[PDB]
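A.B. asks: Curious how this folds, go ahead:
(chains A, B, C, D, E and F)
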Amino acid sequence: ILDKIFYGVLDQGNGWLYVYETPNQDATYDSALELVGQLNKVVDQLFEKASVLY
Amino acid sequence: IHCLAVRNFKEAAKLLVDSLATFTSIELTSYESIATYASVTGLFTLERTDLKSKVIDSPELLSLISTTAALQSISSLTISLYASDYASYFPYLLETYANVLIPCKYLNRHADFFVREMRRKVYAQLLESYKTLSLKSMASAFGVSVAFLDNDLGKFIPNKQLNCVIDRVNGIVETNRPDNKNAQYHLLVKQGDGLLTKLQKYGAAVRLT
Amino acid sequence: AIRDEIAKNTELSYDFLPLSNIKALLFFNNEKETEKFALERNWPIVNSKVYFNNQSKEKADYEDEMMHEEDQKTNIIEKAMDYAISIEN
Amino acid sequence: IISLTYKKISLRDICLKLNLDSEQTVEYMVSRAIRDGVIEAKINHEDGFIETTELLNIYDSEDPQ
Amino acid sequence: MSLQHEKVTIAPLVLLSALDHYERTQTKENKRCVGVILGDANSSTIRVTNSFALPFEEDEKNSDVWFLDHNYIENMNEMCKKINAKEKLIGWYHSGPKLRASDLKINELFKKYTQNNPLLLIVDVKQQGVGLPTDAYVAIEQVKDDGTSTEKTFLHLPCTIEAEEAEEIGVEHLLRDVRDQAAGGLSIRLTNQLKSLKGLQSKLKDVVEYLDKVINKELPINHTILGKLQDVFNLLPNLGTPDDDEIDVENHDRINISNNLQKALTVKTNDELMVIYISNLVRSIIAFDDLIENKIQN
Amino acid sequence: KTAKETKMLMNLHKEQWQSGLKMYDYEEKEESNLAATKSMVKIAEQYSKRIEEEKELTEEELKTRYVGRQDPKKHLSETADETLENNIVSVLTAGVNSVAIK
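C.D. replies: Numbering: from 1, shown residues only, chains lettered A, B, ... in the order given. Provided below are the atomic coordinates:
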């Protein structure tokens, strides 16, 4: 399970092994967080140059 | 080294593994020091599969064996973490504290922080593979009493890393795992509030000017 | 007012309570007084056990519909309109 | 805190830990707390424990809108 | 004859022209005009290039009685081919306003000329609807058992259009409008959507009153139609289904992307504000100095 | 021109009533959204480069000397608006259908 061969959970207290399909994380949500990250850096740079106005 | 001093270990690891191979020392610490540092970060941040590859099967570490107490302790901990041995994990936890963390200048200040991280991590590791355990089994395995285990699990549960609920009436350790689209939804809104905030203020500033 | 307060907190807590415990909580001296408060509160007594779930939920539903909370709902189609036209003003 | 940690926690244990006066007292804290829904639990008097009911997941709900 | 009729595209000139022809023969007051439709076919795509009027007399009393001069059609046609081989006799236009079973007699005569099933193009001249007042029908002959043995019938085919490049520049040159049937920008598509709803509402009303007439004025029960309405109700969506939950989740993703796109644009506008403002700060320094020099010049 | 002629030229879509209630099959919407976000990550990197500069004397001189064209600003603005409107219509259509019909 640790090596993600079959990915399930072993229930010690019934003496069973439960089996799951591969989970599929939402690609959109992950890629969105990268974009947001970037936007912050962008605004910081801009603002340092805008220090000229004030 | 700069990054080892700050909390952030993520950048430290990337730089640190490459430099085991290569760096003629210049006005900075010996290669024995540098070796213990790559082993330490490796535990902390690395995913499981990638600890094995890059570190245990390191050409560098294997040839270098142990000619120092510090390097020995950290190595002993790595072997039980990967092997899912748990009885010996806890003696080993204690050893690295004495012989690694306090001598090293940069990692002294993070002594508390590291041991916290590691103790969450191991408990976590075991819970990932079991839907349930009984309290007796889990406690005997780590080598602590059942009472000592209970007080410690409940430290780390509201900070969210172990993802488990605990029944007292039936003695059982259930392990809930509900991470899915829900997990990721919360990350995006929280960080989002912050981008909005910055933006509003810089907008206002310039308009006046 | 205090007995009312207790009754309301304990509504959600638990639906069915033994006869002895309904009395003890509300600190009534007598069982008959307990059943007086049920009838006023519109709760069935069935086998000397109160049941809180039914009427309270129905009532809640009915209360929810009024000429106030209709503009504060916001329809999903209505949200869309407002986002679109604000760009285009 | 005790709820997040524990799915079934005897009310008897909570009474010692927060050094609460009587069995009636420990009930009343939880009773009133769930009115604002901060804890969201259910009390079982007869079985003598609390069982967590917490949704946790609200993505499924209308709330994200 | 041919099944090759699977789309009909009609030049803006055909629609225009038919409408004009109706008043240049002076047939009005519920008097039909039939004209020949000339153009390409023998293809899935039918492209009606042009049209021409045919002498026509309509008699209301008997619908067994009508005038169409046969020999005229054929002479006029053959000259048209030498200009352009593109035109063939591909059928006839009918001025509407509605489908008839008296359109069928006219149909047979034109079917002698044709090598495909005549296209029967209903250009309605009451110009109704928010869509085109033009329905397309090709005479199909199919074997069908409903008491009848073989049916001949007129089946709807969809209407679309196509325009040549030269003709298209001419259409815009007339209009001062930027058009709204375009399905263009964000404004236009919201507009069209509102049109689409108002459109639906009418169609459904018409269904309601058909049923009425059968149960009050005793139109004979036609089973076929009711069969279809039955399915309409059987494949109806329903609430309380976990289907609904999925759509709700889906909705959440789509707001997430809008939220991010909108915030990206707040940055873009902020960046503009500052930019123009550096330009102003420069302009003030220039303006101080220019004034000073002008004092010397004066 | 006459207003009878004008009206005829103007209408050019009998499938208006259908097509606006028509929504695209849903596998294509998901696909598209990921593409659009992920692609903007890459044009954001290019955005960062752009505003390293913004110092050369004369805006126009910057555009010639360091080849300021191949303008990331313009591609991110275009993309964001294009995707934005699409999503406005999508949420509206699906939501309208759901209530009207049931």
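A.B. asks: thinking residue D:28 is in contact with residue C:8, fair?
C.D. replies: No - between residue D:28 and residue C:8 no contact is recorded; they are 12.0 Å apart, counting by Cβ atoms under 8 Å. Quick note: C-beta positions are derived from backbone N, CA and C, even for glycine.
A.B. asks: how about the residues of chain A that lie near chain F?
C.D. replies: Of all the residues in chain A, those in contact range of chain F (Cβ under 8 Å from any Cβ of the partner chain) are A:27-28, A:31-32, A:34-35, A:38-39, A:41-42, A:45-46, A:49.
A.B. asks: can you count the residues close to the closest residue to chain E within chain C?
C.D. replies: Among all residues of chain C, residue C:88 sits closest to chain E, at 6.4 Å; criterion: Cβ to the nearest Cβ. Burial of residue C:88, expressed as a neighbour count using other Cβ atoms under 10 Å in any protein chain shown, amounts to 11.
A.B. asks: That one: what's it in contact with?
C.D. replies: By Cβ atoms under 8 Å, 6 or more residues apart in numbering or on different chains, the residues touching residue C:88 are E:186, E:187.
A.B. asks: go on, residue E:118?
C.D. replies: Here residue E:118 is in contact with E:90, E:91, E:92, E:107, E:110, E:111, E:138, E:139 (criterion: Cβ under 8 Å, 6+ apart).
A.B. asks: got it, and residue B:13?
C.D. replies: The neighbours of residue B:13, taking Cβ under 8 Å, 6+ apart as the test, are B:38, B:41, B:42, B:44, B:45, B:46.
A.B. asks: host element of the residue nearest the centre of chain F?
C.D. replies: Using Cα atoms, centre = their mean, the residue of chain F that lies closest to the mean C-alpha position is residue F:82, 0.9 Å off. For residue F:82, the enclosing helix or strand under DSSP states H and E is helix F:72-101.
A.B. asks: Tell me the helices and strands packed up against that helix.
C.D. replies: The helices and strands touching helix F:72-101, judged by 3 or more Cβ pairs under 8 Å, 6 or more residues apart in numbering or on different chains; DSSP states H and E, are helix C:76-87, helix E:186-214, helix E:242-297, helix F:27-50.
A.B. asks: Turn the ones you listed into JSON lines, including distance to residue A:23 and mean neighbour count.
C.D. replies: JSON lines is the format used below for these (distance: least, Cβ to Cβ, whole Å; neighbours: other Cβ atoms under 10 Å in any protein chain shown):
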{"stretch": "helix C:76-87", "distance to residue A:23": "29", "mean neighbour count": "15"}
{"stretch": "helix E:186-214", "distance to residue A:23": "37", "mean neighbour count": "14"}
{"stretch": "helix E:242-297", "distance to residue A:23": "16", "mean neighbour count": "14"}
{"stretch": "helix F:27-50", "distance to residue A:23": "17", "mean neighbour count": "16"}
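A.B. asks: between those, which one is nearest to residue B:128?
C.D. replies: Within those, the stretch nearest residue B:128 is helix E:242-297; the backing value is 26.3 Å (Cβ to Cβ).
A.B. asks: So in that sheet, which strands flank the lengthiest strand in chain E, and in what orientation?
C.D. replies: Longest strand in chain E by number of residues, with DSSP state E as the criterion: strand E:134-145. Strand E:134-145 has the following strand partners under DSSP bridges: strand E:119-123 (antiparallel), strand E:149-157 (antiparallel).
A.B. asks: buried ones in it?
C.D. replies: Residues of strand E:134-145 classed as buried by neighbour count (16 or more other Cβ atoms under 10 Å in any protein chain shown): E:134, E:135, E:136, E:137, E:138, E:139.
A.B. asks: Show me the helices in the chain, by range?
C.D. replies: Using chain A here. A:27-49 (DSSP state H).
A.B. asks: nope, chain D please
C.D. replies: Defined through DSSP H, the helices belonging to chain D, from first to last, are D:2-5, D:11-17, D:23-33.
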